[PDB]
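First structure 1, then structure 2: two forms of the same chain, each alone, as structure tokens.
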Structure 1
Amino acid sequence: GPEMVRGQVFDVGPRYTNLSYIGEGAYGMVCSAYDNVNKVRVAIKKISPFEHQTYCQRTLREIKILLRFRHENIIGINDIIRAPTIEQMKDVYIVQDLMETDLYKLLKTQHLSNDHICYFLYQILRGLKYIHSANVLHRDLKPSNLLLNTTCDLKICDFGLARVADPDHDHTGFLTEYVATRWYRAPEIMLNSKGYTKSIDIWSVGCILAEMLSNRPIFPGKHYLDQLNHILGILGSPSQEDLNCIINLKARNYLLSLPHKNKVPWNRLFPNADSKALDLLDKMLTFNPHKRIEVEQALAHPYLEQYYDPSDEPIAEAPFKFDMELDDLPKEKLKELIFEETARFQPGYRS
């Protein structure tokens, strides 16, 4: 019999043993384990997606994306385990190198020095540069998705909400609504809910920077509509120009209804922060996504000048294109694609 963790079977032996619980979601569980073959500690995610089309879609995306990606600040896939025939495949197990902690945990236990904050931010943006150069949007950056070892190496994880958006094509009206985790959610996810861009990831990074500076989330909305109020309580009411940019009439009128709010200066919120950090914070937390700093310009900001080196910041060799996006398909078809995508890890595979 295979090992079992909190009632879930983890059919991953004999290679992977000594499973310990780490966490879960709606259709899976993550455990730590020991790889007896390579003699390394791993994290193993069990996914059981095949009954729901949206779970299948996200599983395929995460797999396709992470199997192409290779970057020091992004967690790689070491192995994928699943059944030898499509009919027996109910679960998929993804294996990664085990990291020691994550930023969410670290921020519960430790006040970070400015030097730590600066280096972590550099690593997040260096990883993001690579992700955005591939035409991928992460869409769920937050502290618990940033893994760390005690050597201060940072890696971005969780591509379960990530997708490709080929910039040759206007995706306005075609992106999934209600992405990101609420506190890290850019205002245009609420106001241009089907037409946002990779700029949402910069917003989330700004939220993360704010959180490193104070060990608390900057915009802790209690519900979807309160989120936008939290944002505007600090940024203040948008300029008329920024309102006049909002293409969606219902959204623009909804903002016109709201009472006026003044800008809270960054240095009253963060009176002990490095001034340059606050400058970069302001640029990342810019209301208008077309005025918000892009990842390359953020890396070039004075705050990160001791680390910025475009000769050592890889970009994707083969950015993903519109081909990698037509996954709006029946769940049974997505299962076939997941089976094909994971075939290279099976005994007897041939291309």
Structure 2
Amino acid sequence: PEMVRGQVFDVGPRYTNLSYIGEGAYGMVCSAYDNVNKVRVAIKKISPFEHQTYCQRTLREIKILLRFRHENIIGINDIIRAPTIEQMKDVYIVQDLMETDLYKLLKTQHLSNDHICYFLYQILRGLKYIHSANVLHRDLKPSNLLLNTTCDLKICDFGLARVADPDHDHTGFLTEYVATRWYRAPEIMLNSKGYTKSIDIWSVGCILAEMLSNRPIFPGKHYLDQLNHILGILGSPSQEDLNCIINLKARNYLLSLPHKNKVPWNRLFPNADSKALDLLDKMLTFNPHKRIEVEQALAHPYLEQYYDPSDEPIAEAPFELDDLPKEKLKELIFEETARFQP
């Protein structure tokens, strides 16, 4: 077996000429030369089988990415594992290699207004398909937006995705949450489990703001600080928006704060296109019921050069793991990956 950094990275004779990339969210990832399709590919090694929560996220991603087929969503090209459940310890997921990502690009490149527009279009076009499948991504951020040399954009990492469940979204105040802090909507900290499509639109809003200035807009240093940063820019919520929060601990926390003024977007982003700021405002709306939806966002004047609903496909087949034990989830991972065996 191929070895990388002194660890097994056993991708078989199909995949040769390995090169270390890094230790991605759930293990090692390498590029490799695909001897069948004659291109370099990305391969991540997953070792989830000792833990039920890791089985769950691995299975979630595999099931979702195998069903989805969309230009702005990363596919799965191939899955490598042992021929039997007993011998299966690792799974290698093979995907199109993408030269960079929006996190890397934002750390050293100024984006033109045309690049911002085109990136936002592609994010929303992918997101339209995801939401049309009744799925929430729940971890949109620059590092999950892959880009190739011609700036084609693909959304990555469906490990934290869920089927939407708006009727069960309500929870109490300061309920712990899994997804990345700077891109978390204000309601996560107040009264929401992140089971509605509006949680993804907030994340896209944060990404848009980050494209405009190369700095995260709400860089919270820990959990409740994130809400401090959001309110610092949006200002104090209105009475109507407070009345939408029935939970008393969350309501009374917001009422306890001194008045904070809205910072105008054109002062924060003096070089931005005014249409980009109007769409930004609508994505970063405090009240998630008033927040713009993905299809409205595509139809916004900022994106008029690209908007074409007939070329913005939806899923044909929209989508309990939570308490299946890990033994059962290994079997389901084995089954979900069987089509890639000879």
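Quick note, the numbers are simply positions in structure 1, starting from 1. Definition used throughout: the rigid core is the maximal C-alpha set that superposes within 1.5 Å between two forms.
Here the two forms are overlaid on the core, and between structure 1 and structure 2 the C-alpha of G195 is the only one among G236, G221, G195, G76 to shift by 2 Å or more. Put the two forms on the same core and the Cα of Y27 is off by 2 Å or more between structure 1 and structure 2. The Cα shift for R182 between structure 1 and structure 2, taken after rigid core superposition, is smaller than 2 angstroms. In a rigid-core overlay of the protein, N267 has its C-alpha displaced by under 2 Å between structure 1 and structure 2. In the core-superposed comparison between structure 1 and structure 2, the CA atom of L258 travels 2.3 Å. After superposition on the rigid core, the Cα atom of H171 is displaced by 8.3 Å between structure 1 and structure 2. Lined up on the core, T150 has its CA atom moved by 1.8 Å between structure 1 and structure 2.
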